[PDB]
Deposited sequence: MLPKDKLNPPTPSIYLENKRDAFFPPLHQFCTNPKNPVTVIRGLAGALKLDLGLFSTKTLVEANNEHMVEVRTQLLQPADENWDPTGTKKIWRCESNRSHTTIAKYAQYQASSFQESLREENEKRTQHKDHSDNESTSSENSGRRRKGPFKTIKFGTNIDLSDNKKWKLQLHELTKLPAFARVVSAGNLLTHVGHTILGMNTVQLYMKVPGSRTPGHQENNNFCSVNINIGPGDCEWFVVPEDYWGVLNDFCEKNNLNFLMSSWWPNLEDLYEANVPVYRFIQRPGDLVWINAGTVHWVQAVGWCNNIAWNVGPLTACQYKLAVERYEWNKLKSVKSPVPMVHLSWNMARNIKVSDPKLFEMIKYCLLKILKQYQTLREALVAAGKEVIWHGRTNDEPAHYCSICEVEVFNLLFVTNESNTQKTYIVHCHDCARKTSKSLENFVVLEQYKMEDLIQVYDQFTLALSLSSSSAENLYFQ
């Protein structure tokens, strides 16, 4: 089917007017568009991409940490077992650390060697060469990266790291790599393997250049098919490194979007869109997440939040904490989105009331503990689930005032009658009830 190789949703900007035009915002967040390629974005805004060149990065912070992935240099769009016999889903991707200065030396010498090879003139496949990919470089420190982060404020508001319409701005604290910028340094063949974004939040990626990247994209509502493929091939969809066999996908009638990202092109990945990427030339990229205020985004975030619990994987976004912040601080005028949030809050409230009464009925004391504001959400020190309001802390951690948090289930498993724990409460019930009761649908004529 030609429908199995659909065209790329793609917008071509010439100037600042095009970039700030509101129908662009609406196109990107439309659930029918799994990905949007915004071509010419840097040129239209006169963004200085030179602030992210390797030369500039070395000067700025030469000892900065870089995560290295050591990989095989594979042909075109394929992934072969090391022997070169058959195409398989499993990637080879070994981890180590280096610095910006050291990776930079390698990136440059890699290009010089390729020039010389090009001038040396002239098991079904392979054997394959080894390459290194510098990934997940942390650009959160505004003191170390002042000029770099300022340049990204030139973007239209919907695409910024920080904005009033961004759910990740309303979380109220830092989530590393999501509401902070990540940087990637590349040589040809550098691969970011198959994945969905953390808790299915949208993402922004800009190619710094000078070389191109090639992207592969599958819509959110086929993610289940790719999950089945991973399990059949003995891989964890959420945690393993895998690179889809395009012939397998075609056979299973899964459509695949495929396109080239040139320097200055911005790629918008919509919520839950499955994707994997490879460098075609020598380049750097920057990326972060954004959470549009839509029913579709909130729904997919909640779904992945609950799926992660079943798979014993931590959620970087604390969706209970976020939901309360939305009710406290945000006027919601879409009836669909409003009903979703109200439903979730009522479920949180009922569970909390049920647990609290059980504790009281058993004669366990609930200790008023309160809360520092802008204090981050808490997670269980053993199982890493989000823990809200009622915190379970050992007698000794309480005494030492280290307040090491446990969920109810993990505390019970340790201490059958909770005799080794105290129960801390960060919010009064009457106050949460008020927030819930006062959270009402706002009128908007839009």
- [ ] Would you mind checking the deposited sequence against the model and listing the stretches with no C-alpha coordinates?
- [x] 1 to 3, 126 to 144, 469 to 478
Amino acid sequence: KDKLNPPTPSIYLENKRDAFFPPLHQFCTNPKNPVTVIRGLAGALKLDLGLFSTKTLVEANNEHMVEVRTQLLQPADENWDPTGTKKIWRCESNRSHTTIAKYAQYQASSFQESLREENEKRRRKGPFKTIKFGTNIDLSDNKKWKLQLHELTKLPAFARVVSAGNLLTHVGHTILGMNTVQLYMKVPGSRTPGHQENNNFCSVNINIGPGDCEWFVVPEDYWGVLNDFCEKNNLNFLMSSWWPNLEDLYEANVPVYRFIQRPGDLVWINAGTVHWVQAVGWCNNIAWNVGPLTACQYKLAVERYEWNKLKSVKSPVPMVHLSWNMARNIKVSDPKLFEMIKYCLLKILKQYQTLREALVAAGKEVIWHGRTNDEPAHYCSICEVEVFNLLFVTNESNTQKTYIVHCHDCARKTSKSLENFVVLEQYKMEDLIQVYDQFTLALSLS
From here on, numbers count along this sequence of modelled residues.
- [ ] Report, as yes or no, whether residue 87 is left without coordinates in at least one third of the other compared entries.
- [x] no
TODO: Please report whether at least a third of the other compared entries leave residue 121 without coordinates.
DONE: yes
Open item on the list: Please compare 229 to 237 with 208 to 216 and say which has the higher mean C-alpha temperature factor in the record.
Closed with: 229 to 237
TODO: Name the higher of the two by mean Cα B-factor in the PDB entry, 135 to 143 versus 74 to 82.
DONE: 74 to 82
Open item on the list: Checking the record values for 39, 406, 32, 69, which has the greatest CA B factor?
Closed with: 32
Task: Selection by C-alpha B-factor (highest) of 363, 291, 188, 194 - done: 363
Open item on the list: Taking only the Cα B-factors deposited for this chain, tell me whether residue 328 sits in the lowest, middle or highest third.
Closed with: highest
- [ ] Compare the C-alpha B factor of residue 262 with those of the other modelled residues in its chain, then answer lowest, middle or highest third.
- [x] lowest
Task: Lowest, middle or highest third - CA B-factor, residue 343 - done: middle
Open item on the list: Per the entry's values, where does residue 62 land by CA temperature factor relative to the rest of its chain, in the lowest, middle or highest third?
Closed with: highest
Open item on the list: Split into thirds by Cα B-factor across the chain's modelled residues, where does residue 370 land: lowest, middle or highest?
Closed with: highest
